[PDB]
Amino acid sequence: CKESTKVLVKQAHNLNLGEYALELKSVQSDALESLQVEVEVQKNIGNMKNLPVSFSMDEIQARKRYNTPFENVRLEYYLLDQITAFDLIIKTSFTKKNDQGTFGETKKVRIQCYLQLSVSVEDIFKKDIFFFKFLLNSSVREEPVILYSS
């Protein structure tokens, strides 16, 4: 037992690719808050859970807080709930079981839950011809937004 006050701190850094894993983003949504996930398929996948982690439960798929484990999921979404939250913390753990035993647990990825742009609508009414006025804006007042199509 070489346990001591040593501050060596060996890395075992994040390897890049060419093996199965799972990632969690939040894109292509409507105007109600949600979250998503995506994974790389393999020979035999297994259970893969998640959790929130704070003093109070920020977002919850159930009535109270939840975990929402699932078995053999490739690309599917998951909803959330309400608090004064901007960026929640999700500790996704994935027992892959591709081999006899293989895991990639405790991937504490802090996902973000906010609308990027902001839209306001003004309607003007002529005699049976109708025009829209669309006042677009950015939600946060530090980072700007770019655009591709509307």
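Cβ placement follows ideal geometry from the backbone for every residue including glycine, while neighbour counts extend to all protein chains displayed. Here, each number is a calculation from the coordinates, and none is a lab measurement.
About the Cα centre of the chain, what is the dipole size in debye to 20, counting +1 per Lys and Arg Cβ and -1 per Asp and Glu Cβ, all else neutral?
In debye, rounded to 20, the chain gives about 540.
Could you tell me whether the range 1-100 comes out rounded, prolate or oblate from its Cα gyration tensor? Rule is a ≥ b ≥ c as square roots of the eigenvalues, rounded for a/c under 1.5, then prolate if a/b exceeds b/c, otherwise oblate.
Oblate shape, in that a/c is at least 1.5 and b/c is the bigger or equal ratio.
Classify the range 62-150 from the C-alpha gyration tensor, please: rounded if a/c falls under 1.5, else prolate or oblate depending on whether a/b exceeds b/c.
Since a/c reaches 1.5 and a/b is larger than b/c, the shape of the range 62-150 is classed as prolate.
Within the range 68-150, what is the number of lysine pairs with alpha carbons under 21 Å apart, leaving out pairs fewer than eight places apart on the same chain?
So the count works out to 6.
According to the square roots a ≥ b ≥ c of the eigenvalues of the Cα gyration tensor, what is the shape class of the range 21-78, taking rounded for a/c under 1.5, prolate for a/b larger than b/c otherwise, and oblate for the remainder?
Here the range 21-78 falls in the oblate category.
Farthest toward the dipole's positive end in the range 22-119, which of 118, 45, 84, given Cβ charges of +1 (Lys, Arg) and -1 (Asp, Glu) about the Cα centre?
My answer, from the dipole projection, is 45.
Only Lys, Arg, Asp and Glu count, each charged at its Cβ (+1, +1, -1, -1), so figure out the dipole size of the range 37-118 about its Cα centre, rounded to 20 debye.
240
With a 10 Å cut-off between alpha carbons and a GNM built on the chain, which of 39, 121, 73 moves the most?
The residue that fluctuates most here is 121.
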